[PDB]
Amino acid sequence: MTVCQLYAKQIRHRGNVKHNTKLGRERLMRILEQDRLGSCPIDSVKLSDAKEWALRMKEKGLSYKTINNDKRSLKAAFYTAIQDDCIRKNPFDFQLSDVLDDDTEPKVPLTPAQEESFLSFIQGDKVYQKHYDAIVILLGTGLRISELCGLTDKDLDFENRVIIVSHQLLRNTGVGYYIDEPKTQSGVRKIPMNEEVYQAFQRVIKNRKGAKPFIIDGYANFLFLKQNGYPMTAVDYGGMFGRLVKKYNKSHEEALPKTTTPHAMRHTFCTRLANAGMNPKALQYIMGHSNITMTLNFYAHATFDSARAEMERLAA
């Protein structure tokens, strides 16, 4: 009767998932264990009670997107039960836009000189000077942080000047490092090298030092290593950025965008190209976007004037 652990039924028979999926799955479970909704009988839950849940999540302090993803998880869990011959009527099929307001504070990319002031700061700052070449690469590839982390020496071709992104190196508490196919589950992609990331990649390998024995799922010779001599992870480069941009903020009047993270580097790269008139399907391949809709979100909303102005551009 519970929804706390009749939700556990859904995830049990949908078992083959990534580790990071198991973590988020557990989060929702403990939310249900904390929330009143958890103990409610499965056939007792009405559409009103589901809406109130969302409100409680926002009062609890969770993000709009966070709650929204949770509605979908709960929508599917019960949706099974509706199809699973248990008492049927789904309370979680509504639009969260009616209940709550989307207060998702947008992520603003860096501007051509904003990033230049950043790079110039780093270039000569002995502490974070070392990470300069990694950052340049992020702005010239649009790699996910774990895809950069996962770059082994076999994944680079300096002849054709091309990066072969075929996997990523993930680490989570408990399992340590592990290997996954890219979140580009659509497949594999090659990313060419401009001259500057090329020069950056050369220096990285040359500056590689003190690499401890480390091979996982057949992958061995990584370029980007921690102080340990072990490869970098997401959280390592993340927290590294948090100190660096803070270091920047102290000496620079205008602060960097609120979420200037490795992830933002990828965002900037894409935004630059999309606003440069790159073929939307060309950019999709490069960004490893499984969905073309995702790639389009980096293109600006169109109006009659913009469309018309464009139409004359191609006319003459």
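Numbers for residues come from their place in the sequence shown, where the first is 1.
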63-71 versus 35-43 - which carries the larger mean C-alpha B factor in the record: 35-43
Of 134-142 and 179-187, the one with larger mean CA B-factor: 179-187
Which one of 80, 152, 233, 173 shows the biggest C-alpha B-factor in the PDB entry? 80
Residue of maximum C-alpha B factor among 225, 215, 162, 86, per deposited coordinates: 86
So where's residue 103 on the chain's Cα temperature factor ranking, which third? middle
Lowest, middle or highest third: which one holds residue 19 when the chain's residues are ordered by CA B-factor from the entry? lowest
Ranked against its chain, the third holding the CA B-factor of residue 297: lowest
In terms of the chain's CA B-factor thirds, is residue 281 lowest, middle or highest? middle
Is residue 119 in the lowest, middle or highest third of its chain when residues are ranked by C-alpha B-factor? highest
